[PDB]
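Structure at a glance
Chain residues, written in single-letter form:
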Amino acid sequence: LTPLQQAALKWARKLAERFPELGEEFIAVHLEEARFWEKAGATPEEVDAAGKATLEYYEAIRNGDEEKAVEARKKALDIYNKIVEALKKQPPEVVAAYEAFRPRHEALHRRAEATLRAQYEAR
């Protein structure tokens, strides 16, 4: 397997092992992305970070530190923007792929956030 796929697995596992509600697609949906990312001159360290960020983000969404969230939800967000843009500078043979998958990457996060917040809004 590609060292990028694996680099995202390091953190996705930690995010699946934790919050096992959705221990599944949290890996896959991300994994697929790590293969797209590869197809945009991405480096493992440009991914590792992103994950660990997301990690920070969610587990802070869990505990509830609203500062640590934006700290992480933005450092991650201030990486993929570039990547999507690099992927945007690619053929409409790969573009047609991301313009259908990305939706699910959005859907994962939009779902995850929501659920993971709803958890703590339940004492």
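Definitions and limits used
- Residues numbered from 1 in each chain as written, not as in the entry; some residues may be left out.
- Heavy atoms only, no water.
- Helix = DSSP H or I, 4+ residues; strand = E, 2+ residues; numbered from the N terminus.
- Expected span 1.5 Å × (residues − 1).
- Contact = heavy atoms within 4.5 Å.
- Bend = angle between axes of the 7 residues up to and from the residue.
- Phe/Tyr/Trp six-rings, centres within 6.5 Å; stacked < 30°, edge-to-face > 60°.
- Buried < 20%, exposed > 50% of the residue type's maximum accessible area, 1.4 Å probe, protein only.
- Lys NZ or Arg CZ within 6 Å of the ring centre and 35° of its normal.
- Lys, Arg positive; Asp, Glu negative; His and termini not counted.
- Salt bridge = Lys/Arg side-chain N within 4 Å of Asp/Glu carboxyl O.

The protein has the name ZETA_2 in the PDB entry, where synthetic construct is given as its organism. Per the header of the deposited record, the title is "Crystal Structure of ZETA_2-Apo".

For an α-helix, the turn length of 3.6 residues means that residues three or four places apart are oriented alike. In this model, helix 5 (residues 77-88) (twelve residues) spans 16 Å end to end at C-alpha, consistent with the 16 Å of a helix rising 1.5 Å per residue. Where helix 5 is buried, its residues meet helix 2 (25-38), helix 3 (44-63) and helix 6 (95-120).

Next up on the list: helix 1 (residues 3-17). End to end, helix 1 covers 21 Å across 15 residues, agreeing with the expected 21 Å (1.5 Å per residue, within 8%). If you look at helix 1, its biggest bend is around 30°, right at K10. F19 occupies a position one or two residues after helix 1 and carries a positive phi of about 55°.

Per the stated rule, a full pass over the model turns up five aromatic pairs. Taking the centre distance of 5.6 Å and the plane angle of 70° together, the rings of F26 and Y58 count as edge-to-face. Of the two residues, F26 sits in helix 2 while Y58 sits in helix 3, which places them 32 residues apart along the sequence. Taken individually, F26 and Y58 each receive the classification buried, so the pair is uniform in this respect. On the basis of an interplanar angle of 55° and a centroid distance of 5.5 Å, the ring pair of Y98 and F101 is categorised as tilted. Highlighted residues: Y98 and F101, both in helix 6, separated by three residues, approximately one helical turn. Across the pair, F101 and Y98 agree in class, each one buried. Residue placement shows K39 over the ring face of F36; its charged tip is 5.2 Å from the ring centre.

Let us now look at the side chain of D48. With respect to the helices and strands, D48 occurs in helix 3. Although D48 lies buried, it forms no salt bridge, and the closest oppositely charged side chain, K52, sits 6.5 Å away as judged by the N-O distance. Dropping the residues within four chain positions of it, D48 is found in contact with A7, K10 and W11.

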